[PDB]
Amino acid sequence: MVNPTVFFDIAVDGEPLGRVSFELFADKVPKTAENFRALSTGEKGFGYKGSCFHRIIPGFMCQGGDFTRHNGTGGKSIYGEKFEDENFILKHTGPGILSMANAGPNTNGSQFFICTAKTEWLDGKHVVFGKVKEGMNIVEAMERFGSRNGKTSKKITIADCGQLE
C-alpha cells in the first residue's frame, strides 16, 4: 500500500496563495485517514472545498474543516455525525502535524488542525493522522492572518482540494 496524498489550494480573500499537500497515515490510522481523504475529494457529496480556516493562532495552529456551520460548531464525518478516537500512536512532535479537533473523547467529525509548533499537551487527546508534505511555506503565510484569540484578519479558504496519490 501507499499512503494517500491530498492537496488544498488556499486563497486569501479570494486571492490564490498556494498549494499545501499532505501525506495521510492510512497505514497507522486508516479510518481517520480515509475520512479526511474522502472529505478532500468530496466524493460523498460534501467536503472541504469552499470551506474556511475559522481559527488561526500564530505559533500554535490553523484550524478548519467546519463545512456546515463555518464557525467551529459543525462538520461531520463520512461515517455519520461523529466517530471514535482510533488510536493515539502518533504525537504532536513539531510543525506540520495534521490532527483532529474534537469536543472530548470519541467526538471526531470533520474539523482538523495543522500544527505550526510542537504541541505535546494535546498528545493522547487528539488523533494525529497526517503531515504537511509540501507547502509548509503556505501554512506559515496563513499564520500571519491569525491572532492571539484566533480571529483571522482575512478570509482564508480552501479554494480547491483533491487527491494526488
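Residues carry their position along the shown sequence, with the first being 1.
Between 110 to 118 and 64 to 72, the higher mean Cα B-factor belongs to 64 to 72. Two stretches are in play, 136 to 144 and 31 to 39, and the higher mean C-alpha B-factor belongs to 136 to 144. In this PDB entry, the Cα temperature factor of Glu15 sits in the top third of its chain's modelled residues, the highest group. Among all modelled residues in this chain, the alpha-carbon of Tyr79 has a temperature factor (C-alpha) in the highest third.
Ranked by Cα temperature factor within the chain, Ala101 sits in the lowest third according to the deposited record. In this PDB entry, the Cα temperature factor of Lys44 sits in the middle third of its chain's modelled residues. Remark: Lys125 belongs to the middle third of its chain, ranked by C-alpha B-factor as recorded.
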